[PDB]
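Participant: build me a structure from this.
(one chain, ligands or ions: 1)
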Amino acid sequence: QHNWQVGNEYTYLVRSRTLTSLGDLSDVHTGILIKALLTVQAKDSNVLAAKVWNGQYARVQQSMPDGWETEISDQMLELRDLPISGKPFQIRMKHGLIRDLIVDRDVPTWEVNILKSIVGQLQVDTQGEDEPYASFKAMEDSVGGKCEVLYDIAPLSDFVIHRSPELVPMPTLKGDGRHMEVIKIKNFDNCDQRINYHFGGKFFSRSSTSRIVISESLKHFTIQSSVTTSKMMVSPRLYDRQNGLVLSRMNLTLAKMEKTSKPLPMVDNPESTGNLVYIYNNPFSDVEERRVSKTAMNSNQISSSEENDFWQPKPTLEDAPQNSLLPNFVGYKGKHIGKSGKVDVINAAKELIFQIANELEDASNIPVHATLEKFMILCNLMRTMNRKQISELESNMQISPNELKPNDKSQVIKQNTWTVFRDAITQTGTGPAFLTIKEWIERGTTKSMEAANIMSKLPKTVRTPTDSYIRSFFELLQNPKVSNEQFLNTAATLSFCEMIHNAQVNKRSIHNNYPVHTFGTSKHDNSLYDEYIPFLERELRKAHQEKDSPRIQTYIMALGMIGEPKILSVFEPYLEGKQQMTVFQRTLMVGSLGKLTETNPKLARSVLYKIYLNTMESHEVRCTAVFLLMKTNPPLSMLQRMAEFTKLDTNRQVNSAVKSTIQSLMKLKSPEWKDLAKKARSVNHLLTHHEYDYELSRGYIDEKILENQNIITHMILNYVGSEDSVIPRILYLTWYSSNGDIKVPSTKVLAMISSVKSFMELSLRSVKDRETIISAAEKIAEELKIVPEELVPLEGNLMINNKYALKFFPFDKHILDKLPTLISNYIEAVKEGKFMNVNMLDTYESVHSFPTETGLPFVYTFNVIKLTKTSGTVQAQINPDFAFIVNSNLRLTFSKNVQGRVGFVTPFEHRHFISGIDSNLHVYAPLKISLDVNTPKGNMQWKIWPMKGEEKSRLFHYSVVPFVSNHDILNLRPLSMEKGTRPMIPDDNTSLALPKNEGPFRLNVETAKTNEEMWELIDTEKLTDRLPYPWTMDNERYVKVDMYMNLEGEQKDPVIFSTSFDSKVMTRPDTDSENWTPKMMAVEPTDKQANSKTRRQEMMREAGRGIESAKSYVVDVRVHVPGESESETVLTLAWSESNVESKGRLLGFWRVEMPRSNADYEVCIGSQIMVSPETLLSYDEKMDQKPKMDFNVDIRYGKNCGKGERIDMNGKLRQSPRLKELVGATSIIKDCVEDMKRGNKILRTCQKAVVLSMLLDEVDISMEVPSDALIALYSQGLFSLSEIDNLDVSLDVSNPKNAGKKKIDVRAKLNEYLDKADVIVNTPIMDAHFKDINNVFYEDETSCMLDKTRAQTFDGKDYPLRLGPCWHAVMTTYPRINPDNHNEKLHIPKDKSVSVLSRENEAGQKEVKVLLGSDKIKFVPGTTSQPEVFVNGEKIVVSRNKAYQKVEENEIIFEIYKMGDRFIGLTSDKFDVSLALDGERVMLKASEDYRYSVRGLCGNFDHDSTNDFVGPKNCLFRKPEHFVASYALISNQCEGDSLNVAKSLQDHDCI
Ligand SMILES: *[C@@H]1O[C@H](CO)[C@@H](O[C@@H]2O[C@H](CO)[C@@H](O[C@@H]3O[C@H](CO[C@H]4O[C@H](CO)[C@@H](O)[C@H](O)[C@@H]4O)[C@@H](O)[C@H](O[C@H]4O[C@H](CO)[C@@H](O)[C@H](O)[C@@H]4O)[C@@H]3O)[C@H](O)[C@H]2NC(C)=O)[C@H](O)[C@H]1NC(C)=O
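Facilitator: Residues are numbered from 1 along each chain as shown. For reference, the structure is listed below:
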């Protein structure tokens, strides 16, 4: 392995280059070139003498059409002098490859790195780990690190040498050997020592190649050339096509080969620099110091605490952190930026803060001043300060917000100064910053909201979480000024837990999100467990003792968020049952186990499964367990057992949850859920056929893959159904999107509530209306001795988590109690006037760095800055009649700036070369608002003004600009104003002024002549069709837009927006039933003004005539826009409905006026829908009486509504005889055929069967279109519909279906069984033929049947039945417990007092008594073809053409009417109940409001068919006879039988 023969003198010419460019977008290239000479002398066997002298360099920024390898002549260059400390250093050889270098006192570490690169360019391996061929792999080292390389050796032909003689300058050493070539390829995925700074495969495509020429092998090596080439491909904005390039090269070539003349001087100050990898330094020491590690391992022969590699020391809480790669830390010759003295750190920060504060008042010019970039520069600058400097700056600012006036208008700049300084301190993320925050809070400069907002942003800003940092944070957490308050305390504890988790709990978080390589939580530091877990344990126990809900929620969430298995031992005395706990707290504890599944999936899966198995637990807990269980990748056996259990499980909610979650894992196709898709598909054949509604628990996973950009976007949404109301209780929402190995952080939401009904009742209590009137309902409840259920406390959560902040808001009863007081206080606060100034500034950061192959740092950044600003005076005046008058003078602004940059930094010149793209968004709202709301009259009048002094201000600005830059690091200014920055305006650029006429708005869009996408989307108002089509809009190319306001000559004419509302009940002669003509006509009102009572009355009258007991509604809207061309607008709607007969009508009226252009347009609509068969319950299998459904739609429009294009659209439906055959040959038909033979009347099964019996198959839609343009539009729509995947392709036939007649008919057959439909389309222009619950009458799952010998409950229970002579209570409402006092009871609400009393006649008939608040009704059966109807002890007649109404204050109390063969009805609108009887059977219909608030024979109405046998004493029953006996009044007309049974039941023991 002999090489570098002793006594000889060599000489190698040195060339190298490093360039940064923007890839395919342009050809400009920014970078430097280097020239030098290297002389090596063979001093002895193992020590060589070297020297690098004659250093020159030049900087280049020019177009390179040929490529980055183009030779540039020295005449075209601008050579400089390289600050190289040319001294006779030395190099030593160790049995082959080079081992270590020697440097003198003139040791700037960057110079040593460059020398290391030059040395390592000579690295060769003649042997492995004649024979011209050879190949193997070696674990070699270089400047970048010790990554492995692949070798390849082969001789080089003479033709190549003859063609290109440069590879072999002087060939006279062929001798007995020849010339070879070596190719080395290095991969970076397997290394030993690495240098990097990562914060925030990973879109980092690296490469390395070499080429060395040789002489006679293994005995006379004689290196003669060496070329290394490296690339780095990176995406700028994390969603791009890799246009970011950083390229490098190093060149060596032999020049001289001759005898030594004079030995080089010996180095007098040995400074061993170790191996060839990059080495850090100290950025603050006045005397140069380096951290070089010399392992000196014997080797030979064939994280853990070890020396490993040299790392920078961990900084303290007072000293600044030490980094050796960022521009600010090693810009000035490897030292900190302020060491130069040309910049003073404190003064620069002061000027930056003053500029930012001053420019933040004139918000319309934020984009042109680059304020947000200035904020980022200030944050970077303050990342280098120490504690004394920030303290001195705070003293020098002469600012203290405590002395400031919060609502003053004079000290706007001072308040802005405080705000910007506070935001910068929050975003700095260093030890001194946290010390400053501790000093602020401890002495009391930020009391509650500011402090909590500050600590909500800490967990996602801190750079290096050290041990002493966390210890100080804990010491602050143990301060009385933080614990006693609530919102600050919860924010601080959550931030503590999150930072602990990130810093130590997850090793992946340590390795990825933090720069471990540049800085080396020790394993021996077991302080976490002992110091922290007992703290949270003890304080959670104390909070549980005190019975304080927000504290319990906060501390459970924190202990869950720490994410370690010890939380299981923490919780096991809680979940098991040793400590009492509410359902809300239990579900929060179960949901808190989310972080444990992502770290130790198996143990969390076991715990969640064990929770799931139990059935006696609450359904919300089980549901949440299911959702957490199927995010763990279970095996096939688990899911098989899941599906098997689905069928046999009684709980509807859990079944719905598991079925939905299993079924939702199917449409996915992506390499992260792929392994579970097959298992999901292998389960359907075990699932239950029953399909559940939407009010129950469900799951949904969404996928959106874009193979063009390799973008994966997800969404998870879960909810647990509520047992009291429609609105679900719990909600989850996650938007994690990953494209590669690095992804944007996840966004999560979690909302929870104990009970929706209780929450609404407490929130709406601010009405000052406590019920006092007592009706018969409370007497009924008291005599039955009804005890209400034990009330549950109200609790709630709301958590938001995203890139910026982590927030948490635990609810309580006390907070909702305090809400009205704060509302009132704010009400008199805004009585006269109140100024405000609110600013939010949050940012996101990510920096990645690693040395290049030329010996220079490479830094990549990605910043986004978000601003939200409000300012103005708001005044309100509230009156007891709700005369809510508000005047506001606000200004609104929103801006965003995202910028990604790639490049490198050269320490010896303090310069920075960058290529990247940045974008700006900006919106401004200088508006005045006047709001007058008068709620008794339904008026909602707005007035909007253009704010004075903002006649011509920017309203919109979007600009995307790519650039290349070459800027000094000492200067602290935005790069847009630097001289070296060059934008890349495309060659073919044209401007554009969108408004062709001088309208109120101006738009100025400029871009390249190409980009036809935006060039058509933006300005082309002609092709305004299929224009939006949300796409990416090629955001990687130059664009800039701006929209001003052209309003000049300040105007006092408001833009108004009015609204109204009304209702009425139609009087006697209008509903004469002779006014219903089969076809309607649109009505033209006599009055066409805005918000007119006459039009409302006319429409309401014409909408309800001919319908018995019909209610008409109306909604009137007005919009007014003044200016050079006024635009009035009138819109009215009307509709009718009645509970007696299915006969509804709709009407509309639209009209806009243009007083300047004299343009008037109108449209009138009149429609009706009727279903021919009257509502009926029983099967009535005799005869058919086939169902019918006809409707009419009529429109008319033009300058005058009456005279103009009128469309007469008529429709009709039908049921085919094939469905007669199917119904006559179906299961349910025979089922209740046998039942009616037995005598069953209103059972559930054939209620569903008659529901099917009232089904419609054929559809006959016809429309007469007098406009050919409408026909053409319909033809275009038909072609578009035929373009769909499922729709068959049908074209225009030679013979049109119809000629001279305008009509399109569509019909779907019945034999398809609604699996798919066939739709025929017959237009005069095109003919198309396609290839292959519902309407219900007075029946739903809600109702409760009460038949002669059967009983169907609210929730679906059946049991034997037999009544008696004395009254029984069917449906009742009972009073509850006062939330304020656990002794007093509240009263029945005025609009929810109902009692229903039944009876069995001695002759088999039935009697009905209903207590409707303060009224009573009795239904004597009789034998007069209808049960006798007495109202309040007075007789009323019910006939075919009359009906009973009780009307008060234009509201309906109850309706009595005759229907069917022997049926009469009672539907209470004010009470939301319905009843029907025939003297032999009664069925009861309720509303959703009565959930968990009724008790009687029907049941408790809880969507549960298991616990509907509960008595007044809240005791479950076990025999229908026992239940019927129990729920029986014993007042009068009763003796024995039921009385004896009730006496025995009282004597006996229930359950
Ligand atoms: C690592 O570093 C070394 C050191 O520079 C590089 O080696 C150089 O390689 C270039 C390759 O282009 C050499 O340039 C060549 O020089 C030849 C000799 O130059 C004499 O003759 C020309 C007239 O032809 C005179 O103008 C000049 O002053 C000299 O007197 C030229 O003949 C070559 O011409 C090429 O282009 C013409 C175009 O028509 C062709 O016809 C030719 O056939 C030929 O291809 C060429 O210009 C340069 O001399 C080398 N320097 C040396 C040997 O010291 C390595 O390239 C570099 N490694 C890299 C870049 O990977």
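Participant: tell me the domain ranges of the chain?
Facilitator: Following the assignment in automatic domain parsing, the chain carries domains at 8-200+203-272, 869-1045, 1055-1256, 1344-1547.
Participant: between these, which one is closest to residue 612.
Facilitator: For the domains of the chain, proximity to residue 612 was assessed by Cβ to Cβ; domain 1344-1547 is nearest, at 19.5 Å. Just so you know, the C-beta spots here come from the backbone N, C-alpha and C atoms, and that holds for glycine as well.
Participant: partner strands of the helix or strand that residue 717 is a member of and their direction?
Facilitator: Assessed by DSSP states H and E, residue 717 sits inside strand 711-720. Looking at strand 711-720 with DSSP bridges, its paired strands and their directions are strand 698-706 (antiparallel), strand 730-734 (antiparallel), strand 737-738 (antiparallel).
Participant: still on that earlier bit, distance to residue 644 and mean neighbour count for the domains of the chain - can I get that in TSV?
Facilitator: Listed next are the domains of the chain as TSV, based on distance: least, Cβ to Cβ, whole Å; neighbours: other Cβ atoms under 10 Å:
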stretch	distance to residue 644	mean neighbour count
domain 8-200+203-272	44	17
domain 869-1045	44	16
domain 1055-1256	27	17
domain 1344-1547	21	17
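Participant: do you know which of those domains lies nearest the ligand?
Facilitator: The ligand sits nearest to domain 8-200+203-272 of all the domains of the chain, at 3.7 Å, using Cβ to the nearest ligand atom.
Participant: sec struct for residue 905, please.
Facilitator: With DSSP: H, G, I helix; E, B strand; the rest coil as the basis, the three-state label of residue 905 is strand.
Participant: pairing partners for whichever strand in the chain runs longest, with directions?
Facilitator: Ranked by number of residues, the top strand in the chain under DSSP state E is strand 911-934. The pairing partners recorded for strand 911-934 under DSSP bridges are strand 883-888 (antiparallel), strand 891-906 (antiparallel), strand 939-946 (antiparallel), strand 956-968 (antiparallel).
Participant: figure out which of those is closest to residue 175.
Facilitator: Of all these, strand 891-906 sits nearest to residue 175, with 42.8 Å by Cβ to Cβ.
Participant: distance from that closest one to the middle of the chain?
Facilitator: 23 Å (Cα atoms, centre = their mean, to the nearest Å).
Participant: okay, how far is it across stretch 1511-1531, tip to tip?
Facilitator: Its start and end residues considered, stretch 1511-1531 measures 18 Å (Cα to Cα, to the nearest Å).
Participant: residue most distant from the centroid, this protein?
Facilitator: Here the centre of the chain is the reference, and by Cα atoms, centre = their mean the most remote residue is residue 261, at 75.1 Å.
Participant: identify the residues contacting residue 4.
Facilitator: Residues in contact with residue 4, defined by Cβ atoms under 8 Å, 6 or more residues apart in numbering, are 10, 40, 42, 48, 93, 221.
Participant: so it, which of the three states?
Facilitator: Here residue 4 is coil, with the state taken from three-state DSSP.
Participant: secondary structure element for the residue nearest to residue 907 when sequence neighbours are not counted?
Facilitator: Spatial nearest neighbour of residue 907, chain neighbours left out: residue 110 (4.1 Å); criterion: Cβ to Cβ, 6 or more residues apart in numbering. Mapping residue 110 onto the secondary structure by DSSP H and E places it in helix 109-120.
Participant: sheet partners, orientation included, of the helix or strand following that helix?
Facilitator: Toward the C-terminus, helix 109-120 is succeeded by strand 137-138 as the next helix or strand (DSSP H and E). Pairing partners of strand 137-138, with direction, according to DSSP bridges: strand 149-150 (antiparallel).
Participant: ok, residues contacting the partner strand?
Facilitator: Applying Cβ under 8 Å, 6+ apart, the contact partners of strand 149-150 are 135, 137, 138, 140, 184, 185, 186, 187, 208.
Participant: the second one contacts residue 148, correct?
Facilitator: Yes: assessed by Cβ atoms under 8 Å, residue 137 is found in contact with residue 148 at 5.9 Å.
Participant: hey, what's residue 836 bridged with?
Facilitator: Each beta-bridge partner of residue 836 is listed here, defined by DSSP bridges: residue 872.
Participant: that one and residue 872 touch, don't they?
Facilitator: Yes: look at residue 836 against residue 872 with Cβ under 8 Å: they come within range, at 7.0 Å.
Participant: and the helix or strand residue 350 falls within, what's buried?
Facilitator: Under the assignment given by DSSP H and E, the secondary-structure element containing residue 350 is helix 345-359. Residues of helix 345-359 classed as buried: 345, 348, 349, 352, 353, 356, 357, 359 (neighbour count, 16 or more other Cβ atoms under 10 Å).
Participant: quick one: which of those is nearest to residue 234?
Facilitator: Nearest to residue 234 among these is residue 352, at 29.6 Å by Cβ to Cβ.
Participant: distance of that closest one from the ligand?
Facilitator: For residue 352, the distance to the ligand (Cβ to the nearest ligand atom, to the nearest Å) stands at 45 Å.
Participant: that residue contacts residue 972, correct?
Facilitator: Yes: using Cβ under 8 Å, residue 352 and residue 972 qualify as a contacting pair, with a distance of 7.1 Å.
Participant: name the residues contacting each of those two.
Facilitator: Contact with both residue 352 and residue 972 is made by residues 377, 381, according to Cβ under 8 Å, 6+ apart.
Participant: residue closest to the middle of the chain?
Facilitator: In the chain, the centroid-proximal residue (Cα atoms, centre = their mean) is residue 735; its distance is 5.1 Å.
Participant: what residues does the protein put near the ligand?
Facilitator: 13, 15, 166, 169, 227, 251, 253 (Cβ under 6 Å from any ligand atom).
Participant: try 8 Å
Facilitator: If contacts are counted using Cβ under 8 Å from any ligand atom, the residues of the chain sitting beside the ligand are 13, 15, 69, 71, 164-166, 169, 225, 227, 249, 251-253.
Participant: which one of those sits closest to residue 1068?
Facilitator: When the residues of the chain next to the ligand are compared for distance to residue 1068, the smallest value, 98.4 Å, is given by residue 69; criterion: Cβ to Cβ.
Participant: next, give phi and psi for the closest one.
Facilitator: According to degrees, to the nearest 10, the main-chain angles of residue 69 amount to phi -100, psi 10.
Participant: ok, residue 1366 - contacts?
Facilitator: Residue 1366 sits next to 1399, 1528, 1529, 1530, 1531, 1532, 1533, 1534, 1538, 1539 when contact means Cβ under 8 Å, 6+ apart.
Participant: 7 Å instead, please
Facilitator: Applying Cβ atoms under 7 Å, 6 or more residues apart in numbering, we find residue 1366 in contact with 1528, 1529, 1533, 1534, 1538.
Participant: my read: the third one touches residue 1364, true?
Facilitator: No: if you go by Cβ atoms under 7 Å, residue 1533 and residue 1364 don't touch, sitting 10.0 Å apart.
Participant: show me what the helix holding residue 350 is packed against.
Facilitator: Judged by 3 or more Cβ pairs under 7 Å, 6 or more residues apart in numbering; DSSP states H and E, helix 345-359 is in contact with helix 371-382, helix 387-397, helix 412-428.
Participant: next, format these as TSV and append mean neighbour count and distance to residue 1430.
Facilitator: Output for the helices and strands packed on helix 345-359, formatted as TSV (neighbours: other Cβ atoms under 10 Å; distance: least, Cβ to Cβ, whole Å):
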stretch	mean neighbour count	distance to residue 1430
helix 371-382	22	78
helix 387-397	15	86
helix 412-428	21	74
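Participant: give me the residues contacting stretch 1422-1430.
Facilitator: For stretch 1422-1430, contacts defined as Cβ under 7 Å, 6+ apart pick out 1418, 1419, 1420, 1421, 1436, 1438, 1456, 1458, 1462, 1464, 1477, 1479.
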